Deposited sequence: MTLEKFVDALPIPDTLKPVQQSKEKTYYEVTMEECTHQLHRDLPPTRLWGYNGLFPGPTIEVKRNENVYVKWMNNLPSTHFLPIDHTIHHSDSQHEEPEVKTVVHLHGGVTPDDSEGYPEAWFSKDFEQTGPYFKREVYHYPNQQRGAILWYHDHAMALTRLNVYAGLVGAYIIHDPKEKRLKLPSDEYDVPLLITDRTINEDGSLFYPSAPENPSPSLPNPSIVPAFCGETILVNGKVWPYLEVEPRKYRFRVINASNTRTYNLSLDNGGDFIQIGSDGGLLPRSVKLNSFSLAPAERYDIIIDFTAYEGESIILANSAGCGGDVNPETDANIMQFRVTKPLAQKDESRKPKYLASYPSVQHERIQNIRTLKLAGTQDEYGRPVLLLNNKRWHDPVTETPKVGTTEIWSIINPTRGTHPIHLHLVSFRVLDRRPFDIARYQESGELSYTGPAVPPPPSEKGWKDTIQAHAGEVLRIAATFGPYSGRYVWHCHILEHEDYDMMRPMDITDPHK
C-alpha cells in the first residue's frame, strides 16, 4: 500500500472571474477529463475535473455578491466508470449538472438532478432552464461546496473527481479576527480505491455477485482503500506554529470519518454546514458524514517541530486499518512564522438560531425505508416512495416545519435538504421491531437535545439507526422545485431521493 505522508497538501487556487464589476461577478468553469498524479509513487490518474482540476478551484465570494457561473460540460461522450442502466428507465450516456450544496439559490440554478446537460448543452434534461447559474449569496458566511448532481449518475460523476469548495465570506465576521488568508485552508476529504496502474477503481458489482445481478450493478455502499485530501493520497501539510482555520468537507461517496489529532490536541469548532456556531466548542474528536462541513481552528503554537496525524476511528465496511484508512493527513509544525499570529479564537461567535420564534406551520413525519428489486438488490426509499412518484413534500414558502425523521434501518443516513439550513431539535430512541410490525412508534428513552456542535445551522444531518431525529426548517426565501435525500451517494442514486416543492400561496 501507498506510503503515507510523502506528498505536500495541494491548496486549490482561488478561481478568478472572467468578468467582474460592482454589480456582477461572472465565472466560467468547464468540466474536462485530465490526468493528475495522486501520489508520489503512482502513474498519473485519469480524472474528471472542474477546469480540469481535482478538486475544482476554490470559489470565494462575499455575502450578497451577485454571482454567475457558467458550468460547461466538455467531457468525453462515454464514462470511464461502470454505469448501471437498470436503476433509471434517446439519452446521452454522460450527463452533468452542478449543485452548489448549501447554496441559497433560485430553483433553476440549484443543480436539480433532472436539469442535467451533456457536452456543450447538446441535450438537456426535462428540468433544464439555463446555462449560466445565478448565485445571489444572500445567506450566512459558510463553507459550501459544489459537486455533480446528475440523475442516476451522482455517485459516479462525483467519484470521478467533480467536487470543489465554495466559501462565502460575510464582512461582519471579520471583526472576530479568525485565522485568514494563508492560514485558512480547505480540507476536501475523498476516499478512493486506486489500481496499480494509477486508474481509479469503482466496483462494477457487489463482492459476490449473485448471478441474478445485472452487470454492471450499483452497490449499496462504497468504501475506498485510500484517503485523499485535496486530491493527494495521505498528504502532509507544513504549518507554522500558530492558529489555523480549516474548512473540513466530507466529499466522499459513503464514508463517514471520526477525526482526532494523534498528539491528543484539541479542535476548536467555530462553524457547521450553515455557518458560524453561536459559541465555539472545544472538541477532541468529531464525526463527519458525507457532505457535512466542520469549520475548525487548530492551534499549533505549542507544537513546533511535531508531526501530527489527523486520524480516523470510524469504520467503513469493517474496522479501520491502522496502516491505511485510520490516517487522513499529517501536519508538520516546521514552517517558519511569516508574521506574528494576530488571529483569535473567540468564544462568542454569532447569534443563537434559538433567538427566532417561528410558528410551527406543519409537522411532517418521514421514514427511511426501502424494498428489494427484481434482481434481489436493496432499494432505499424515503417514505417508500420512488424519486419519480408524485411529490409529497410540499412545504409553503416562508413557513417553518418540524420534520420527524424515523430511522428503522441498521445504519446512519446523512439526510440533506436543498436550499435551507435548519436547526436540530433532538433525537430519540425507539422500538424498531414494534415499528416495523405495526407502524406504531414506541419510544425506548427520553429525547436527547443536540450537542453544542449542533446548536447552530445544519444542512446535512446524521440520522442514526433506531432513532427519531427532529429538525426545524424555514422554507424560503425562494419557492420552487428542490430536493431532499440521503447524501450517501450510492443510496441517493437508488433511490433515496425525493423532490421537494416549496409552494406559493
| property | result |
| --- | --- |
| Unmodelled intervals of the deposited chain, in order | 1, 91-95, 512-513 |
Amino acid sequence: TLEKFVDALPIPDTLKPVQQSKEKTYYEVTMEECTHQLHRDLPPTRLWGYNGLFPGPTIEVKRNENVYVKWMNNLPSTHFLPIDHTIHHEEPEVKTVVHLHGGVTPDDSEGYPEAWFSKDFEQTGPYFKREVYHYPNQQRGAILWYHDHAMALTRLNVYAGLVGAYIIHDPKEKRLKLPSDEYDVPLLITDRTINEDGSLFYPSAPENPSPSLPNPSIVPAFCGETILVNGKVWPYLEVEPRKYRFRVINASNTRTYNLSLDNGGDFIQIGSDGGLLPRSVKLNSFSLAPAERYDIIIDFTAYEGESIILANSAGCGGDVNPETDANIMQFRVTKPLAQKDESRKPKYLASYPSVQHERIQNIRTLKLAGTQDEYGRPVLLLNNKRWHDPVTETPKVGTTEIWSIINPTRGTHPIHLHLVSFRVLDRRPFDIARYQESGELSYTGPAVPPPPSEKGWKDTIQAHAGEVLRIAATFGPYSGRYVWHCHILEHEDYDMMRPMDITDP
From here on, numbers count along this sequence of modelled residues.
{"query": "Entry-level comparison of average CA B-factors, 95-103 and 374-382, reporting the higher stretch", "finding": "374-382"}
{"query": "Higher-B stretch (mean Cα B-factor, as the entry records it), 201-209 or 134-142", "finding": "201-209"}
{"query": "Candidate set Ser354, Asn157, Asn258, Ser118 [ranked by C-alpha B-factor, highest]", "finding": "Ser354"}
{"query": "Which of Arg293, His413, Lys174, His147 ranks first by CA B-factor in the deposited coordinates", "finding": "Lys174"}
{"query": "Cα B factor band for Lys458 (lowest, middle or highest third within the chain)", "finding": "lowest"}
{"query": "Ranked against its chain, the third holding the CA B-factor of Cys486", "finding": "lowest"}
{"query": "Chain third (lowest, middle, highest) by recorded CA B-factor, residue given as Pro450", "finding": "highest"}
{"query": "Chain-wide C-alpha B factor ranking for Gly275, given as lowest, middle or highest third", "finding": "lowest"}
{"query": "Relative C-alpha B-factor of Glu440, binned into the chain's lowest, middle or highest third", "finding": "highest"}
